[PDB]
Structure formats: C-alpha cells, structure tokens
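Engineer: Just dropping this structure here.
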Amino acid sequence: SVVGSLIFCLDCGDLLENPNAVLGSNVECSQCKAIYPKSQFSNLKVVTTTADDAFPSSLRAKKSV
Amino acid sequence: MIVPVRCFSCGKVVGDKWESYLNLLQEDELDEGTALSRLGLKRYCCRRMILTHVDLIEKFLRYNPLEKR
Amino acid sequence: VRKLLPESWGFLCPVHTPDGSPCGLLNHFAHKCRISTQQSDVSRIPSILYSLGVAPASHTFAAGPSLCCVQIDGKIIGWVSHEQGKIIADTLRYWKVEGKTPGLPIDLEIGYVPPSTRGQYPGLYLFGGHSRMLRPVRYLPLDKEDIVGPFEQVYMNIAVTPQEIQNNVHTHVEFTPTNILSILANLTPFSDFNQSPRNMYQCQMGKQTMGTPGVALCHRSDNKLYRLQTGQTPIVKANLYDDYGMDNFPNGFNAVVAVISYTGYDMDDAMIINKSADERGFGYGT
Amino acid sequence: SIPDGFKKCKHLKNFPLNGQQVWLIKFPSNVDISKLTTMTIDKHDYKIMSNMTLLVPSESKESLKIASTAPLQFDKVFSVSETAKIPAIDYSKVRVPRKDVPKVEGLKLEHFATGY
Amino acid sequence: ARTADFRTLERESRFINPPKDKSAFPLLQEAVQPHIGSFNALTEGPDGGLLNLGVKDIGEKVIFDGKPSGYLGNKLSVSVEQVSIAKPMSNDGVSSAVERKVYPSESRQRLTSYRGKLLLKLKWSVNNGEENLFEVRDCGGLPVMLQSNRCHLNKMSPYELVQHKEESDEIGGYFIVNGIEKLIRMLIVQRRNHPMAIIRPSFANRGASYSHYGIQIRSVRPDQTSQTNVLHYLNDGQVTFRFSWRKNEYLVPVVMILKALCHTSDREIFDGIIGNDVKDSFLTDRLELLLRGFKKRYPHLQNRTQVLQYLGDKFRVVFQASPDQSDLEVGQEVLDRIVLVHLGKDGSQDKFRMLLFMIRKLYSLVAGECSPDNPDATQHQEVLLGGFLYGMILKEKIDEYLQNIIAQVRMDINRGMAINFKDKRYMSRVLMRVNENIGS
Amino acid sequence: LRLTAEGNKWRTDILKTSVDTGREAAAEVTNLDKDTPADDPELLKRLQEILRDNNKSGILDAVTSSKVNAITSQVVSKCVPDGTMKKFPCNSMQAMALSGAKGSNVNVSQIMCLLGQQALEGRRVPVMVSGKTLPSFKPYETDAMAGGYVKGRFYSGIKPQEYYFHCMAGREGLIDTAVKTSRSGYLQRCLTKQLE
Amino acid sequence: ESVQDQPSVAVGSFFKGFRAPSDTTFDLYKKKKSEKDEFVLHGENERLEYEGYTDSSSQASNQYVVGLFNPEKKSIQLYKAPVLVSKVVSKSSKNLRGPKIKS
Amino acid sequence: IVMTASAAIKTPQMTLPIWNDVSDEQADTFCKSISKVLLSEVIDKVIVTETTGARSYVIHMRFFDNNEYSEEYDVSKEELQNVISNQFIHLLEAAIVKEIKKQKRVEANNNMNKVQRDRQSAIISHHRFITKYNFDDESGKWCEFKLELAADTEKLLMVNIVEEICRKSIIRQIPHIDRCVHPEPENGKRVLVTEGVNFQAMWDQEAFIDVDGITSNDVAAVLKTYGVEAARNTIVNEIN
Amino acid sequence: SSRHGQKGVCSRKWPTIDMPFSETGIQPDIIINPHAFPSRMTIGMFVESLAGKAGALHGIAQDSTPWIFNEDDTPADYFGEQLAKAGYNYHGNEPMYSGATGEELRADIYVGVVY
RNA sequence: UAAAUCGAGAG
DNA sequence: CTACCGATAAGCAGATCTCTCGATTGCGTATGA
Ligand SMILES: Nc1ncnc2c1ncn2[C@@H]1O[C@H](COP(=O)(O)CP(=O)(O)OP(=O)(O)O)[C@@H](O)[C@H]1O
Ligand SMILES: [Zn+2]
Ligand SMILES: [Zn+2]
C-alpha cells in the first residue's frame, strides 16, 4: 500500500490523497470510499541523488579512466 | 547489332567471318581462340570484335510489323 | 543524414549514390537485398515462445531494462531474463534456419539487443511484417542460407569471407562480398583497385551511357531515345554481367586504348579518337 | 455480465493446502504430465530453474477465497523452458583456405612477327 | 578452366528463339520484386487483399432526413463493401458485345494511359438494416502496373512476350500514363511497430510540449496505413500523448488514454511502470508527479466509461461524429482509430501493455539508462514499397468518395427537394451529380 | 606501380609491426597498463564508456590515428624513393609526382605502398550502438585494421572492410565539395557592391 | 503422484499486496470446451465489483502446475490452476455516466 | 568580421603577454585563480532527503576532497562557505517559490559551537524557510541545510532545480571571462589567452601581464576601449 | 568514358597516318593521357587494360568481380603470365613508333583494350 | 513566342 | 507617492553563380440547355 511518498488503497488500488491535503484523522478512497486512518504511516522518507551527468567538472574527469 | 564489316583499329574485313566463326563454334568443338586463329585473325585488334560481337540484329528481327504474329 | 553509416552494410550499396545535391540521400539497394512484401504467418510463433520459457505478459510484473522484453510485430508477448533471452534468441534463430518447425518462417527477423551500460534499450524484438529489409547470409552451423535484417544485423558477427571466421566469435558469413554492392556497381571491373569517388562517378555515368534502350523500339513512341548502333560485350566483365543478362543490352565497345602522352591535345581529362576508327563506325549511334 | 455459449461450474475438489509448501511450475502445452536442472520428459529435453494471487474453494466447495495462514504466496516458481541441442561449429569444414584464381590451361604462343 | 565465358553459342541460340517456358534470367525479374509483390498483394492474397481490408476498415458514413424516430429519422448507412479491379478491356466505341483485351503495345502507341476500370459496390442501408440498395459503380479507369496480377502480361513466357510486341524480357513494374512511363518511387520511413527513444531539440523548440526527449512510434494498420503516436515529455514531471488526425495535431495526457483504453486502477499503472524497481527514486518521483497531476487536472473522471465519455465529448466535430452515435461510442471510435492502430481493435489490454512499456522506456531514456535511437541509421528503418502507397491512396479516395456522397445528400437536404431516402431516381440523381472519377 | 622483392619485404615487415598499434593506443587511452590482453573485461568496459561519450571517443581516435600515421610515414619513407622496380626518371609516376606535373607524393604512396588511415572529419570511422565499427568485427575491437586504418594499396587491391571505409571517406568528400561550392557568393557580392 | 483434470485451485492477478476481508467470495464460470478450457472468476463484495477474465492468446499454449511437497518425501500432488487477469471495480462508479450529446 | 560586425562573437578571447621573469610556475596558479569556477564544479553530488511528517527537505551536497580541489581550483573552504551562504540558498529559494507559484496557476551536527549556531541563526533570519545549517569548516567536505516547506504545496523534484541552480551559480568569476588557458608559446612569446573579452579585468594585475600588448579576438570591444585605429589594426589582424 | 569514371571529350580526330603505330601494325583508336592516373588512382583501368589484352589474344574472357585476387595473387602478375605466354610484354608495354617522325619512341608504350 | 511550378540535370 | 529612464523578452524582418532539357497548369457551382 506504501512504497515512498505514495499511499495505495488495499481494496481497489486508487491513489489516496496526500495526508497533508485532507481535513484530518482519516483519508477516504476516491473510488470505494474505504476508511484509512492517518496513522500507520508518518515518515514518507525518500532519498534521491543527482545523475553522474549533472555536474561536469574537470576534477570529475580526473576520477575516470 | 550486325557484325562490323571492317576492322575499327586496322581495317581488315571481318564482316564475312561471323557466320564462319559461329559454324566453327557449333559444328566443331573449337574454342574461341583456336577458331579465331583458324579464321585468320592474328592481331587482337581484329580478334576482339568477332570474339565479342553480340548480334542484336536477330533479337531486333523478332518484331516484324509487316507480317502476322 | 547523408553520411554512410556502417549499419547499411549489405542493404544500401556504399558505392552507388549520385554525386551532387542528392549525394547520400538517393542511395540504392544492394543487388541481393529483398523487401518482404507479404506478411509471414506469425500466428504460431508466440505458442513456441511460451514453450521456450517465457513468462506471459498477462501476469508478469516486469518492466524496464532489467528484464528482456519479448515483442512480436509491436506487441508484448512475455518477459524473460537477459542471458535466458539470449539463449532463446539463439535457439529461435537455429530453429528458423533449419527446416523443421512449420511455425517460424525463414524471413522472420529476430533482433536481440543484449544488456549494456547506457547502450540501446534491451529486449528481444521479433518482426514478420511487410516492408522489412532482408539480406541472405550463410548460417555457419548447418551451412544453410539464413536471412537477416538491419535491426538484427548490427548486433551480430558476420565474417565477410570464410577465411576470416574466428572461433567462438563469428556466427554467420556472407555468401560473397560482391553481394553488398548494387548492380552497375558490381559491373565495374576490378573495383577494389580504384578510388571511391571514381567508383561513384562510374556508377553515376553508367546510367548516362548511350546504349541500346530496348529491342522493341519500333513499337514505342518515347519522345527522346538514344541508341548505340554497334555495341559489344566486354572482354573483361564480372560474373554478374551475364547473370542478369546485360548482354541483351550492350552499352559500349572494346577499344584499343593507349596510355600515352603523344598528341598534346589530351592533358587534363580529354582524349583523342582515331579518325580512321571513328568513320569506320566506332561509336556511331542515332 | 455473462456471454452466450458459456456454462458455469458445478463442483470442485478439496485442495489440502495444509497437507506442504505450495509450488508453481510453468509446464509447456506439448509436455503431458506422465511419470514426472536438465530432466528429460517425453522425447524432448528442457531446462527448469506476490506476482499472482492465490484462490481456493471455500467450505461449501462452491465459492472462492484467498488461501493464507493464521495472504500466502508460492514458495518456488519454476518455468519449464524447452531447449534444443545446439550444434558446435566445424571450423575445419567452414574455414576453407583461399584458392588462387583459376589459370586458363593450354595457353599456347600466339604473337608472331610480321610476315612470319 | 576459363574464369568466365562469353556464352556466344547460348546467347546466339536465345536470339534465334526466345525461351518458351520461363525467363532465362531469374535474377533480372527479382530486382523488380518489390513493386510487383506490393501490387499483387494489394489485390490478391489473404482476406481479399489490402484493398479489401482498407474498405472494411473505412467504415460507414451517416446522414439524416426529414422524417420525425427520435432523431431526424431515415438513418442512412452508406459504405463500400468490396473493391474489385479488372484487367483493362477496350469498348471499341459502342460496339461492345465481347470485350477485347488491350495491351501495353497499343497503350504506348496511343500515347494514352494503360488503365483498367475499377468496380466499387456500395451498401446503401437506410434505418440501419431496413433497406439495402446495392449498386456497383465504375469510377473511372484505375491505372495498373505491368507484369502484375491485373496486367495482361502477368505470366506470359518470353516467347509470347515477344509475340505481343512488348519486349524480349520485359520486367516493368512501372505505370503507363498519357503515353509516358511512370514509376512510384520507393521511400524509406521509420520502422513499423517499434517504440524507439528519440532525442530532438525541435520538440521543445517551437513545440507546445517542453522537452527534447520522447518516444516516437509509427504503427501501421493491417491495411498498410500509418499513424504516429509521439509520447512527449514535460519537464515538470508529466508526459503528454500526441497524434495527428487531420493536418492539425492533438495533445492529451497519457493517463486519460491509459485509463479510457482499458479498465484499470491507478495501482496497476505503478506495478506495470515500476517492475520490482521500487527503490528507483527517480521513477517513483516521476510517476507520483504524473499520477497526481492527472488526478488534479481531471478529478471528475473516476471511471473508464467517464474518461471515454470525456474523450468522445472532446472529439466530436474533428472525427465527423454524427448525432446518432453516443459520446462513449465516439470515444471508443477515436481511441481504436488513433492509439496503437497496429494492435488492431479489440486489443485493449495489449495496447495498455504497449503504452505502459512505452512510458517506462521514456522514463529510462530521460534517466540516462538508454541511448537515443538514430532515425537515420538503417538499424531503425524500413522501406515503403510504392504499391502500399497505391493502396493508401485508394483507401483515402474511397473515403473521399463517401464524403462526397454524404455532402451531396446534405446539400440536397439544405435546399428544398423531395429528400426521400427510398427513391432510386433520387439515388441516380445524387450519385450522378458528384464527380466520381477515382481513376482520373 | 610495382615494387622490388626487397621493397615488398620491407613494406610487409613494417606492416607486421602495426598489428598491436591499435591495442597499444587503446591501452594508453584507457589509462591501463600495457601488456593487457585485448579481451580484458576492464578494457572492454572502458572502451564501452569511451564509445558512449563523445569526447573520449575523439581523444582515443586521435591517439590511434597518430600512431597509425607514424607507422604509415615509416612505410612511405622506407619504400617510395628506393623500393620501386623502376626508378626515376624511368618511373613515370614518380616523375609526375616529383615534377608537380600532376598528382603528388601522397597519391603515389597511396597507389604503390599504403592507403593510410581513413579520416572522415578529423576522426576515425563511426561505430554501431554495440561497439562494432562493422558487422565483420568483434564488439569493442582493439585493432588498427578495424578502425579505418587500411593496409591495402590501389595496385594490389583492398579487402571489403577497407573498401567500405574508403567509400565512406569518398562520400564525405563528395558532400564537402557541394558545400564548398555553395559557400561564397553573398560575401563576394556584398564586398564588391560596397567597394565598387 | 496424481493429476486432477477437475479444477481444484485458482490463481488470479490483481496487483501486489492484494488483500480482502474473509467475507469476500468468488464464483466460477466454465466453458463447455474440450481442450484448453477457460476459467472465469466472479467475486462478491459489499462495495466492490470483482470480475475476472482469461486471454485465449496465451493461456492455451502454456500450463501451470500447483502442488505441495513434503520436505523429506518426494510425494507431490499436481493440480490445474487457471491463471486469471482479474480486476476490481466499484459498484457505484461502474454505472456512473452522463448526458450523451451536450448542447 | 565583415558582414555582420557582430559584437557578440562566438568565441571572444584576448592575448595576454607575460613578463620574461614569470616562469611556468607562479603563472599556472595565476591562470587557475583567474579562471572561472562554478558551484557545480566542486559538488560531488547531492543527497536530497524528503519527509512529510511540514514537507521537509534535507539537502546534503558531498564535496570534493580538500587537498585536491583547493589545489586544482585555488578555492578555499572559507570562500566556498561564503559563496554558498550568499548565493546558493537564495537562488534555490527563488527557484522553489517560482515553481510553487507556477504550480498554483554527516556527523558532528550535534556538537556545533557558538559561532556555528550564530551563523545558522543569521542564515535562517536572512532566508525564508531554511531551518538547519552546518558547514564542515574543518575539512570542507559537506554542508547540510533543511528546507522546511508548507504542507499545502504539492510534491516537487528538488533534483532538477538543485541541478540547474548548481550549474548556474558562480563561485569566483570576473565578468566576461570563462577560462585562461596557457598555450604553448608560438616563437618565444610567453602568452596567456582567455575565453572572453574584458580588458579592465587584467589591468589591475600588472605583475603577471604586460598590459601593453593585450590584443583581443573582438573588434567592437577594441573599438570602444581603444579608439578607431586599434580597431582597424585588429580588423586587419583578424582578417589576415 | 571507361568503366572507371574517366570522362573525356574528343579533342581532335587524329588521322591514322599521324596516329602512332605499333610493331604489329596496330594503331590504337583511343588515347588517354597518362597524367590522369596519378591523381585519380584508377589502377583498375591499368589492370583492365592488360586483362583485356590477354583476353583478346587468347580468345577468352576474364572475370573482374571485386575481391577475387589478394596480396599474393596480384592481378598484374596473373595477367602478365598470360601475356608472356601469348608472347607480348609481361608488363603490358608494347614497342611503338611515332606516326610523324617514324622513329621508335623512347620507351615502350602501355597499350591494351578496355571497355 | 507566353508565363509560372516540379523532375533530370551540366559546369 | 509618482513620472522618467533604461534592461530584458518576445515578436518582426530579412539573408543563408551561369545554362539546358523534359514535364505540368483547380475545385465548386449554379443555373440556362
Ligand atoms: N598543374 C596542375 N594541374 C592540375 N592538377 C595539378 C597540377 N599540379 C598539381 N596538381 C594536383 O591535382 C590534384 C587536384 O587538383 P585540382 O585543382 O583540385 C583539379 P580537380 O578537377 O578537382 O581533380 P579531380 O580529377 O580529382 O576532380 C592535386 O593533388 C594537385 O596537387
Ligand atoms: Zn479504493
Ligand atoms: Zn584489325
């Protein structure tokens, strides 16, 4: 149901809205209207790193070949 | 088309030799070089035409507008 | 876009292209290249594919370059591992080249692109549709004739002559190197002893030769026709001169040439025609 | 929605999933299950080495559910891959050495001096 | 052992008499195999040929009369069922009786084209199954190529070929028009049914979509007609489907088509795009952006029927949607007529999987895990045979013919006339009024 | 056009030293130590990255071109002046090359000794997506021959791969001729209009 | 040790992490076919319409085997599992539509 | 040169003669110091950590090793801290607020001393919504700064914008100068050539450059800063 | 033009008497200036000249498909063997006399037949 | 005898 | 506080040697027969 910043409905599979974009205390699925408490998920941590072709520098060329 | 009469380079008459060359090739097992030697063509200037003539006149003659198909 | 990419080895004749504005654009097909104008029956190929160890696309949960995607004429069939996909590609090629399974036709082009590092997108693409480009090459096992296309070729090892075959490297071999050239490019004598611009000029000039257009010229009304009265077959000619019956349309004549700076009137490119040869009928035409 | 020419189910068989690990094997249609890695069955040879959910008949044997334990996924998934005996290359037969251009035999002297 | 032989005796024998069974040179007629094969495949072969497949896929056009069904009534369903091309005959004036055969010899001598009359049968159906009035029209003389299935020199041996004043070994795949020989020149285009990554600055440069990435495909219908489906990229984290129906191009979000084309949830999209690569932060973030953007832009499109309804409503005049067909039907029509035509209708799940693979390939390309595919290298190219171009033009011309019929009926309705849809006199008047020279 | 037996022996002996020129140039470019066998996986990966990027490919092509150009200069210097069967002034080709009547020394050397290394636009031959410069060559090949460097001469013919490379270079020249014919008129016209 | 031609187990494919209440139940729909029979699953739930389908293009050319295996005994019990491409729909939104032709 | 008289030529550069007492050393370091260095050229990578426990954003940019990067580019860790604090955070803030408005339409982080806390508080006051800050002044290896953002705004990349800002930021660049490559002397001409035209930049550095022979590839700049006749001389030189 | 892209305009119709004649009495019908070859490098024409001469002498035809010869089967040597057996010069040259002075030229002229 | 567009082109 | 002055960004405007052959030339329409 959860992989990253995504929360997936366990019944139908529609994308539930962000917990910061709902009134609170629960989130309602937009298709089957099942109840999901705001608990059970609080740290939607992601880690992203820029590609190696993002900062072309002369020093980086000294770290290759 | 039809066999040239005279030789382009020198001038020897090779127009009378096409039929003889064809007969020497057909009725006898004579190679092209031996047949040309027998015909009397010593220089390659005379040899090349009778050796490499194509005789398109016969292919041209199959389309006669004056006779029934 | 006009530069001669190596991917056209055997399909587009490197020699044949007109000098000028269309140079590199209006190229020509190789003489042994055939375009599949009819759709081969690809109906039973998936049935063989699942039997070979391919998980179906209906229930797969697979995507990306991490797994080999097996396509058929632009439809997803299944998902298989990478080394596995290579094995299936090789087995399919073997089965196609041999005459045992009614399913796979010879014309079926199977292009397997292995995984790499930032290379082309991996997969296993099968094609059987029309408009494809096909060239016959000899499959090294079974010594039987195979058919390959541009997509499948650029990832394959094809020796140009049987003497160059290397162990565990080459899988195919061209029938003859002369089949990677078009007509009017295979008719140039001793083409390997010329400069390439001169080969291109000769190709562009063979189409402009004044020769016999046909033999039915009494049953036509073409506005302008050029006819060479006395044409002769070349003493020196490629094996393909009479394989295509070119002697039915002779183009020139055998002339006794002399490489000699004697007259003084022929220096840059001009030449001197013997007068006596000329008016004896050398080169006459209407 | 039910189409025409389509029947229904009447009864099923009790699956003792308890008795134990549930396996999956992807056999080909050509292979028939009779007297069951490079194992050989019939006359060919093959290489064999929650994507999908699991269902089972209920107590009444007229309904389905999701098999689980107090869901559940198959422990081992095998995909039976047909393989062919791929031949080796006979280099001594394919890599023939080059041959010289065939010289024309019986080449006799033809050039003669003028008048000779 | 001579390296090569002049074959003087054999060549002279051939000039003495042409072969009586087959052409002497197998490879001379294999050079013109493309054109001859394409032309004989556009008429003969499976399923009645590419022409029959095209006239089957063309469909029907609908117009209405002044009879107050709930609609305007008198539901006309005009369509062409079969197309048949016959070898060229000659009327010889008005003598008629037997139809003599015409030959390229006198075609060239006449300084006129070498055309055979083309037969088209319409299905003029009223009220959708009440009154069918078949009537086969000849719309002129369609020019046919030599040595093809519909040419009198189709299988003649060289002996009869020279007997018919044509040529010794004629292999012509050209056309004769106005006494001048013409040939449909070959053409090379994108490889069919293959989504290849494309990097091109001209997208962003004067393109509504803002990026130089994308995934372009050129899918071809079974009747050999193509429709590009460019999968653009937007820098903010979404992608946009693109296609052209008329000389103008249309843009739609990918999720709308992805949902309307086959029923699916938003979870299946994630599962398909991200196959076990749940740790791939770049893909997860881009997919989040795309899904949330679609949900924000179209929050009332909660069902497959609803997205289909929106598509049908959006595309009404462009696709000539008559009032009879509903919005959902129009949406299904445009979907099956635009996206992934090469997968055919009733292939919704396959089209879904193909578009999902396309999206994953696009994300991989913009992530740098793949390299752009050269559109100029032969590795990603194929050749149009010319005869397939003939089939394309014939399908388009039949579509235009049906358009002219419907337009004549509409103008007749606009003016004050009898406007009766069961009248054969009116049938002849409306059919004869339009210019129907498809051969011309 | 011919050569003495000793001259041909010299040419073949020098060309036999060009076998490892490509591998040595590749080893130097990839910063790998020499003696590395041509099928080292690390060398293959580095050649892959060099092919993938566009600047390291140019650097490697320049280095290999310099090495093979040194080899061909060696062959030319050893063979052209004192290796021919017929010597100047009997050698008519050498006479027209020296006297500037037509052709030049590079033309004569192409005819008689070596056709050199092919260069389309300041670089070696284009490579396929898989790392093959031609279907006949192993992926990520380490060989001067499979890089556009041709050992044939116009007197004794060229192998088909070398023929392909030569055709490619000729095509480049043919395009550049049209461009150079097209690229001067506006400048000429504006200058003369201003300064008339 | 035994092969069951009669159906005794089914496997579906909705998506990863699929879960339903124990009260959720499915039905079967079997064709009157001789070979390569297709199985269709129909589920029952309070607020979701469960339906199933099988594609005849793939299920006919491959067969799936489901069976247990004792850890120390080589006895296995083969079974026929039709694989299904199964989706889940909402009852309320399934019938949702709109006006046909706008003004 | 002739037809368009472009004042924005594709590759403007100038020739800088060098005094005969300046060797390869004490000139290579001048070249490195005068060359432009961008922010992207010292950042190894960035590790963007996003949390929605209010949308936090932890940005950790790994830096090149000090001993090598400070020697290669002649840039100090104090200089890097100054330039990042004054430019990078501000530019990232502007990009983020622009994107949001458009959308509407390692260790030792607990032992920071008093100076570090004061710098952090000051940078928080200067900037809009930066919550944390630290810089490894000991070795110049890393720098973290949280970017607490409002929960109403939707999700953002925080990778593409950081990439663009790092690429477009400037560490130490005198205007209209890109690099100063020292080519091999032609014939006893110890000359340095730049990658852009700005005469007034090297007029200050009399020690290393003999300003009496500054000839440039530009013509409009030469005309504007040296009169008509120098422009005529440079026109003749650049057409010859 | 030949079959190697060698254009040429007939500059003059040289009378046969002024035309240089050979030892056998063969006066060539076409003169190509030797200075063309060093820049064009059409050695294929040079090979074709002696190959055609051998073919015309022996009444045979020699194939000229590319990639039949190689480094150790040079076509020059191969056709020179046939020319020597026929009795002409192994290198394809041929003694020639000027048609105006009547005296033998300084060196034997390269003469052959080409298409 | 016109005038425009397209193709083949030559230097 | 508000009028005047420049500093970008988008649009507007215009550029990227002679000659010979061949081929070709629109649909829409609407009323007098
Ligand atoms: N007096 C001369 N006349 C002609 N060419 C000469 C020459 N002197 C030298 N050459 C050489 O001729 C070669 C080509 O010279 P160019 O001026 O380009 C005539 P081209 O027509 O372009 O030759 P092409 O036959 O290859 O097309 C050069 O290598 C040149 O060195
Ligand atoms: Zn739900
Ligand atoms: Zn003679």
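Convention: chains lettered A, B, ... in structure tokens order; per-chain residue numbering from 1; ligands numbered from 1 as shown.
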Could you tell me, counting only C-alpha atoms (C1' of nucleotides) and all ligand atoms, which protein and nucleic acid residues lie no more than 8 Å from ligand 1, written as a PDB file with N, CA, C and O atoms, in the first residue's frame?

Structural biologist:
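So the final result, stored in out-v3.pdb, reads:
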ATOM      1  N   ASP C 268      44.237  17.191 -69.501  1.00  0.00           N
ATOM      2  CA  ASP C 268      43.567  17.167 -68.202  1.00  0.00           C
ATOM      3  C   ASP C 268      42.676  15.941 -68.064  1.00  0.00           C
ATOM      4  O   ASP C 268      42.931  15.061 -67.234  1.00  0.00           O
ATOM      5  N   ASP C 269      41.629  15.866 -68.879  1.00  0.00           N
ATOM      6  CA  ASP C 269      40.768  14.695 -68.930  1.00  0.00           C
ATOM      7  C   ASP C 269      40.400  14.288 -70.342  1.00  0.00           C
ATOM      8  O   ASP C 269      39.871  13.189 -70.524  1.00  0.00           O
TER       9      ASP C 269
ATOM     10  N   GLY F 100      55.665  17.809 -60.204  1.00  0.00           N
ATOM     11  CA  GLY F 100      54.463  18.578 -59.954  1.00  0.00           C
ATOM     12  C   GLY F 100      53.577  18.710 -61.175  1.00  0.00           C
ATOM     13  O   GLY F 100      52.679  19.557 -61.213  1.00  0.00           O
ATOM     14  N   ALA F 101      53.831  17.879 -62.187  1.00  0.00           N
ATOM     15  CA  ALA F 101      53.004  17.898 -63.387  1.00  0.00           C
ATOM     16  C   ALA F 101      51.569  17.507 -63.067  1.00  0.00           C
ATOM     17  O   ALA F 101      50.621  18.115 -63.580  1.00  0.00           O
ATOM     18  N   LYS F 102      51.391  16.497 -62.220  1.00  0.00           N
ATOM     19  CA  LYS F 102      50.083  16.041 -61.776  1.00  0.00           C
ATOM     20  C   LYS F 102      50.283  15.106 -60.595  1.00  0.00           C
ATOM     21  O   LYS F 102      51.332  14.468 -60.470  1.00  0.00           O
ATOM     22  N   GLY F 103      49.275  15.032 -59.733  1.00  0.00           N
ATOM     23  CA  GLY F 103      49.372  14.178 -58.571  1.00  0.00           C
ATOM     24  C   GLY F 103      50.369  14.723 -57.562  1.00  0.00           C
ATOM     25  O   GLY F 103      50.795  15.877 -57.618  1.00  0.00           O
ATOM     26  N   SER F 104      50.745  13.856 -56.626  1.00  0.00           N
ATOM     27  CA  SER F 104      51.694  14.237 -55.588  1.00  0.00           C
ATOM     28  C   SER F 104      52.249  12.980 -54.928  1.00  0.00           C
ATOM     29  O   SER F 104      51.882  11.850 -55.272  1.00  0.00           O
ATOM     30  N   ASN F 107      49.707  10.769 -53.275  1.00  0.00           N
ATOM     31  CA  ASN F 107      48.994   9.983 -54.277  1.00  0.00           C
ATOM     32  C   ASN F 107      49.814   8.774 -54.709  1.00  0.00           C
ATOM     33  O   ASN F 107      49.304   7.647 -54.776  1.00  0.00           O
TER      34      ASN F 107
ATOM     35  N   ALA I  36      46.401  11.606 -66.064  1.00  0.00           N
ATOM     36  CA  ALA I  36      45.164  11.470 -65.305  1.00  0.00           C
ATOM     37  C   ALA I  36      45.340  10.524 -64.124  1.00  0.00           C
ATOM     38  O   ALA I  36      44.887  10.814 -63.012  1.00  0.00           O
ATOM     39  N   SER I  39      46.639  11.281 -60.123  1.00  0.00           N
ATOM     40  CA  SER I  39      45.705  11.941 -59.219  1.00  0.00           C
ATOM     41  C   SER I  39      44.436  11.126 -59.008  1.00  0.00           C
ATOM     42  O   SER I  39      43.902  11.090 -57.895  1.00  0.00           O
ATOM     43  N   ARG I  40      43.940  10.473 -60.060  1.00  0.00           N
ATOM     44  CA  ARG I  40      42.714   9.690 -59.951  1.00  0.00           C
ATOM     45  C   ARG I  40      42.924   8.367 -59.228  1.00  0.00           C
ATOM     46  O   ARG I  40      42.017   7.895 -58.538  1.00  0.00           O
TER      47      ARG I  40
END

Engineer: Please check the contacts: residues of chain I at most 8 Å away from chain F, using only C-alpha atoms, listed as number ranges by chain.

Structural biologist: I: 35-36, 38-39, 41-43, 67, 69-71, 74-75

Engineer: Tell me, as a ChimeraX atom specification, which residues lie within 7 Å of stretch 60-66 of chain H, counting only C-alpha atoms (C1' of nucleotides); anything in the same chain fewer than 6 positions away does not count.

Structural biologist: /H:42-48,139-144

Engineer: Excluding stretch 18-28 of chain K and any residue of its chain fewer than 5 positions from it, enumerate the residues within 10 Å of it, using only C-alpha atoms (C1' of nucleotides), and give them as a PyMOL selection string.

Structural biologist: (chain C and resi 223-224) or (chain J and resi 4-11)

Engineer: Compile the contact shell of stretch 103-109 of chain D as a PyMOL selection string: residues with an atom at most 10 Å away, counting only C-alpha atoms (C1' of nucleotides), same-chain residues fewer than 4 positions apart removed.

Structural biologist: (chain B and resi 33) or (chain E and resi 1-3) or (chain I and resi 57-58+60+62+78-79+81-88)

Engineer: In Å, how far is it from atom CA of residue E:60 to atom CA of residue E:78?

Structural biologist: 5.6 Å

Engineer: Pick out the residues sitting within 8 Å of residue G:47, and hand them over as a list in words; count only C-alpha atoms (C1' of nucleotides), and ignore anything fewer than 4 positions along from it in its own chain.

Structural biologist: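 Here the answer would be residues 32 of chain A; 90, 91 and 92 of chain G.
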
Engineer: Mind listing the residues within 8 Å of ligand 3, only C-alpha atoms (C1' of nucleotides) and all ligand atoms counted, as a list in words?

Structural biologist: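 My answer, listing the contacting residues, is residues 6, 7, 8, 9, 10, 11, 12, 13, 41, 43, 44, 45, 46 and 47 of chain B; 26 of chain I.
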